[PDB]
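Scroll down for the structure; my scribbles are underneath it.
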Amino acid sequence: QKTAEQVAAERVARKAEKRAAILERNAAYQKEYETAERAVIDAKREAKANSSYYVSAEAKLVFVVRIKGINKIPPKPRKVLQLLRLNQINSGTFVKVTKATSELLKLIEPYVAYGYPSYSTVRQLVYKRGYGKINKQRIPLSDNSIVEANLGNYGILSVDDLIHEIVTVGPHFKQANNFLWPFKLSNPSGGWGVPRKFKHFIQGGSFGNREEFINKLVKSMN
Amino acid sequence: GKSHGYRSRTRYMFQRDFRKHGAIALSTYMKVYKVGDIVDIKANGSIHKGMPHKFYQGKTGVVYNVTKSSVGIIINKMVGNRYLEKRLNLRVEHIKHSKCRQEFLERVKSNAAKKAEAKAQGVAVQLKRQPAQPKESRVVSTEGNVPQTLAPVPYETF
Amino acid sequence: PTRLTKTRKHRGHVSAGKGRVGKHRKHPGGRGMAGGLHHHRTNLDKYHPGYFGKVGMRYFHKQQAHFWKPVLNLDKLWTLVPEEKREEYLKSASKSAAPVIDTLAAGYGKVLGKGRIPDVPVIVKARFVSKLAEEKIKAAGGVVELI
Amino acid sequence: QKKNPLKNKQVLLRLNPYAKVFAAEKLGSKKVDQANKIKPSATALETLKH
Amino acid sequence: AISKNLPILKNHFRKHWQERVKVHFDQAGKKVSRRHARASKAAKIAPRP
Amino acid sequence: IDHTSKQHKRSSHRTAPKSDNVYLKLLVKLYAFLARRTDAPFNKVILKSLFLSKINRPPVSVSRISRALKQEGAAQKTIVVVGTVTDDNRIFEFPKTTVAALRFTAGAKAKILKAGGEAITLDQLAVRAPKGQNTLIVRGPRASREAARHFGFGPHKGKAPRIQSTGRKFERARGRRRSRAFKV
Amino acid sequence: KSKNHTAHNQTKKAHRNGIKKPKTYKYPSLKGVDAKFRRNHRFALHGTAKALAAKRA
Amino acid sequence: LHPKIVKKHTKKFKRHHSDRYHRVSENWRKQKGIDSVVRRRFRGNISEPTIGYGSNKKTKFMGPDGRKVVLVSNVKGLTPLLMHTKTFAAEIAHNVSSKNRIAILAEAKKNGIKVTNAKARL
RNA sequence: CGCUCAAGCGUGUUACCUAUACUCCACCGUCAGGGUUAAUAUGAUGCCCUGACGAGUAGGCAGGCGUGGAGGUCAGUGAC
RNA sequence: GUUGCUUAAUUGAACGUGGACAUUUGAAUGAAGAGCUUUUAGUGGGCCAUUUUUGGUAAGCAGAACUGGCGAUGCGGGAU
RNA sequence: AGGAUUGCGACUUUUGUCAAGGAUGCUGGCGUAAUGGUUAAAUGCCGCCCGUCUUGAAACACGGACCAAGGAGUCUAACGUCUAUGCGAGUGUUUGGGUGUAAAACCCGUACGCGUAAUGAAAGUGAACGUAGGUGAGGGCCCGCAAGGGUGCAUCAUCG
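Residue numbers (the authors' numbering), protein chains in the order written: chain AF, 20 to 241; chain AT, 2 to 159; chain Ba, 2 to 148; chain AC, 313 to 362; chain AL, 2 to 50; chain AQ, 3 to 186; chain Bb, 3 to 59; chain Be, 5 to 126.
Now the structure itself:
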């Protein structure tokens, strides 16, 4: 009633402090990605001069997409799709790559297409089709006040800070990835680049591992 | 008529071994069993008393009772759509110790040492088991290790 | 109420809650306990036991009169005395003035031990008595008269 | 009505305050780089060409 | 014929029971006949109980 | 769509009372207001118990109330029953106490108020204690009912068979003893 | 003329309702255990009740 | 600014074989068949009534006027609709006599309440 | 139907057509999770907010529409 | 500590009294709430497909094994 | 779509302004059969005859020429689980008596049924060592700023 009018001036001043903290952190994460790309490119040139071959580090993060629809799916691969949250046709997640998680993908390889994303495709998915799980309830990520309220205990005080954990694969990937609701994608705008969809990427079809070409397929669906 | 005896379809299971017939070594009898130990079951063709039914070959269970020549072992089995508790009474000749629990006790002592040691020095332990991670980047030297150019061979008749 | 039943709700559907295959015929099993030893053994082995056979010996011209004797626990005992005469009696009876409790007039045969009565002399009258029932009364102070 | 950060721009600037500094300095371009050495090889072109 | 987990009943209705049914509708009317009979007897006898 | 769980599932709990009583639903409205507002665990428990059926609300004997007072450090707590409070004639020294319940019997009214107690109803309790401070909830015995003994009958459960009457010549001989075939 | 036996839609029925574990409890059921052991075990628990009663004083 | 009404499905749900056989009336009745195609939904057949065809909650029980109709049999029955002219319209019953319609129509036009019928025989 | 450097057979590379499937918005119903008479007119069974889901014979439960009589109530309608 | 068990025994075995060690609740992933009780319907003629497979020359023949369908199911394609 | 305001922001030297928690502004024609509604025919594409037993029906499987009215899980004696109501160690007026504005409504109480004790074939006997016993779990309340401790109904397991 009274003094709550004066709080309108006060409460705005504390959010001006938080925006400065977001700006400096976003500048720091920009400096991490630019140095990461330049260090790998120059390291190849270092090795090539000394009659040696630089082998790149294996992918720490992989993105999966449900290709096959429902019904006529055996029980063992149907159970694994249920664990990876690909219940509907055209669904995303992100998977932290380990030896254990790789064996799950072997079981369900006919029904999914997957590959290694980059800091570009991940940025578009979290903005355009990003949704958070907040006491059940598929709630959108419109403002960054929502992300701080739930995931304030593990750092992650912004939308880009959540993106940082997914790309770099930090210590709180398990909490941050489970917070996100699976990405309900549309069908691709151009197409699949094939006559038939169920034959494996290397023979002709769509499913299985495609490494670098998953980035092209998702941006059309995004 | 159909045959459903006690030792039905037990031609190879209770068959003894190749060059291990006759008497049993004395270490089988010397082993101790307290109420709590986990044990795997193996039937022995020579010893006919206190012999297990074919279903329990390769099963594992906890000991609940001990007596003169035998040990009581409870085994859970599947039937219909519901697990049931069952009580067996097998002699010492069939039973041996399980090595599954063995590795767990090694992990308990090592974690206690790492927590006690590192807290007065390191201030960082990392005691949860890590799954097999992917590779890190490296450089391979080609000095005295030049790549050998291969090619697919043509077809021949042996 | 005829409107609330489910036969009103079934108007429209063909079978009326009885299936198309089973048909609802007259008497498919039998007529009351039929084939107890043959094809309703699985029902009677479960749920009932002891059904067939005959234990014990016969009693010709039995009367529910010889076998009477309604019991009375020591928990109840004081309920036979009136409500007005209770707060008076519980506080100081102290012999030569104990409240007489005739159990047979109320309608009880055997005075019987269960509860733990307070330390007051009682003087009870009854037909039959238990061995434990007498020990509890003598511990308080009173006695048991037979009739 | 959920807007979209990629379009609209005021919703973009509601998130990522760095969007001013990114767009002003042109980091989706950044000149960038460098002589000193166009810095060569040794015996890689023999195995590669063959 | 039998079978759930119900108590075994004993219903003795295998004879022509419907032919030999009685319903006491007369209870109320028959009471007034007795009160009338007790009153009219006292009028005849007069001074005696 | 791969439905993991069942769709359009019900809550599997009594939301409101099945009874159409006017005075009971007034009592529900008071505690339903408090449970949302107060944030005191006491109020959410009493809200549940008002919705329960006659079987789920058994009678609490006055001797059962006297036992809870002998607890070490619980002499002056307001004992809140949610049901009926019956009189018991297996006890004498009933202490000076305060009780809260839906109903009290004619006998139990005299036994409490003779000692100098306070037979209170749940609305009068709510005036004194909104949050429920220095209280002690008591619940009567569920599984001592005549229907409870017959549930889950079979070999070799140790339960009572459903029968009318009574002793011998009635479910004794074959299948209940070794002399006549077997003992179940 | 009639079909004899099959196991079709049998495991599929079982996984609808459950396929459950047998619960487990602390203090398991002491049945089918040596009688000589149990008699001495009763006297041990009777004697130790006297010990703890005397301590609380 | 009052929400514009959209009726979804204006065509009447007729019963199957209503036109074919005379005894089957046009009142709707669900097919309980096993060979039936109306139950199973085949391409190029009649539609069935379903909850998806239901009208909007903002504009339910409203005519072209945007008013919920109330049945009136006398002058005393007009007293609920005095301060509710825009929301509630009236309609006079069939069983009312000719002279009593003039009594209701007179006092109805005073307060500015719109009657659907009347008109009024003439 | 007609087709012959095909409108045939094997292989490659692009565009284009299109399902009640996928993405987005409107409305209906069902289920769940909340917020509220703190005098504050009209249904606390109220008045709002947020999220998900929708095929179905045998079968089960829920909420409604109509017919013939009985108790109450609109001092209901009617030879105009 | 406990005893009528067991020991050549002041041993052992069961069930304990008090004590030390919670970031690092000591693999991964998911969790749609978890566990439990009563009561009663319909059903108890099945059939087809991809692999495994017995009888038979073989069958749109007979008979089993593991998942998925039809029966209970429309919609786009295989002319039907 | 929504229908006072509240939020996040941006551009501002400042006031304020704005594409920022869902369309406002300006203009013309007609004001009625013109827009819509039902109804009949024509044109494009699609559509086998219902009910029934069956693994399977448009079927060369059965019933159906057509219309009107009638036409099929009812009532009772013993009962089981669940639910509402009244009283609660008790409960049940109504066989019967008293009254009456007369098959109603109202009032009365000896008995008697079930419950409060079981187990045995029967003769019969007949439920507190201890705070009505310990151990593990337990909602809620109590002490405390918290960490944690105390007290622990229902119920489940377990040994006496």
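Don't be surprised by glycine CBs; every beta carbon is placed ideally from N, CA and C.
Shown in chain order are the members of the segment 6–17 of chain AL whose Cβ falls below 9 Å from a Cβ of chain AQ: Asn-6, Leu-7, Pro-8, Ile-9, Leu-10 and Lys-11. The way I'd put it, the segment 74–86 of chain AQ does touch the segment 55–62 of chain AQ; three or more beta-carbon pairs between them come closer than 8 Å. Look at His-67(Ba) here: in three-state DSSP terms it is coil, with no helix or strand label. For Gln-156(AF), no chain AQ residue has a C-beta closer than 9 Å to its own C-beta; the minimum C-beta separation is roughly 16 Å. Here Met-240(AF) carries a helix assignment [DSSP, helix/strand/coil]. By alpha-carbon distance to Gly-62(AT), the top candidate from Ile-75(AT), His-54(AT), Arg-92(AT) and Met-52(AT) is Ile-75(AT).
With 16 or more other CB atoms across the displayed protein chains lying within 10 angstroms of its CB, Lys-87(AF) is buried.
Bounds of the beta strand (DSSP E) holding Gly-227(AF) are 227–230. The CB of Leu-91(Ba) comes closer than 9 Å to the CB of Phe-94 in chain AQ, given here in chain order. Under DSSP, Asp-41(AT) forms a beta bridge with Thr-61(AT) and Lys-97(AT). Residue environment analysis places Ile-48(AQ) among the buried positions, since at least 16 neighbouring C-beta atoms fall within 10 angstroms of its C-beta. For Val-72(Ba), the nearest beta carbon of chain AQ is not closer than 9 Å to its own beta carbon. Of all residues in the segment 27–57 of chain Bb, only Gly-34, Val-35 and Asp-36 place a beta-carbon less than 7 Å from a beta-carbon of chain AT. For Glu-86(AT), the enclosing beta strand (DSSP E) begins and ends at 83–92. The contact set of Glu-86(AT) on chain Bb, defined by CB atoms closer than 7 Å, consists of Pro-24 in chain order. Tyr-146(AF) has a beta carbon lying within less than 9 Å of a beta carbon in chain AC. Within the segment 153–200 of chain AF, the alpha helix (DSSP H) runs of at least 4 residues that lie entirely inside it are, in chain order, 164–169, 178–187 and 192–198. Between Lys-10(Ba) and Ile-55(Be), the alpha-carbon positions lie close to 20 Å from each other. Listed along the chain, the chain AQ residues whose CB falls inside 9 Å of the CB of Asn-106(AF) are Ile-3, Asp-4, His-5 and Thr-6. Around the beta carbon of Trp-200(AF), 16 or more other beta carbons sit within 10 angstroms, so the residue counts as buried. Taking CB atoms only, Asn-19(Bb) has a neighbour in chain AT less than 9 Å away.
Between the alpha carbons of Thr-158(AT) and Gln-222(AF) lies a distance of about 30 Å. Apart from sequence neighbours up to five positions away, the residues of its chain that approach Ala-70(AQ) with a beta-carbon distance below 8 Å are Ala-76, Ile-81, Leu-138 and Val-140, ordered along the chain. For the pair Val-74(AF) and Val-72(AT), the CB atoms are not nearer than the 9 Å cut-off. Within the segment 39–96 of chain Be, the runs of alpha helix (DSSP H) that reach at least 4 residues and sit entirely inside it are, in chain order, 41–44. Of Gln-78(AQ), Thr-6(AQ), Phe-53(AQ) and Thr-100(AQ), the smallest CA-CA separation from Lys-113(AQ) is found for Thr-100(AQ).
Among the residues facing chain AL, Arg-178(AQ) is not included, as its CB has no counterpart in that chain under 9 Å away. The C-beta of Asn-45(AQ) comes no closer than 9 Å to any C-beta of chain Ba. In the displayed model, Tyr-48(AF) falls within a helix according to three-state DSSP.
Look at the segment 77–104 of chain AF and you find these whole runs of beta strand (DSSP E), each 3 residues long or longer: 80–85. Under the DSSP assignment, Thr-43(Ba) falls in the alpha helix (DSSP H) whose first and last residues are 42–46. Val-186(AF) has a beta carbon lying at 9 Å or more from every beta carbon in chain AT. In the DSSP assignment, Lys-125(AF) falls within the alpha helix (DSSP H) that extends over 118–126. A distance below 9 Å separates the beta carbons of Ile-108(Be) and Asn-78(Be). Across the set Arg-17(AT), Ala-117(AT) and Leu-91(AT), the C-alpha of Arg-17(AT) shows the shortest separation from the C-alpha of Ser-47(AT). Legend: CB atoms of the segment 87–114 of chain AF lying less than 8 Å from CB atoms of chain AQ belong to residues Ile-89, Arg-97, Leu-100, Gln-101, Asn-106 and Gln-107.
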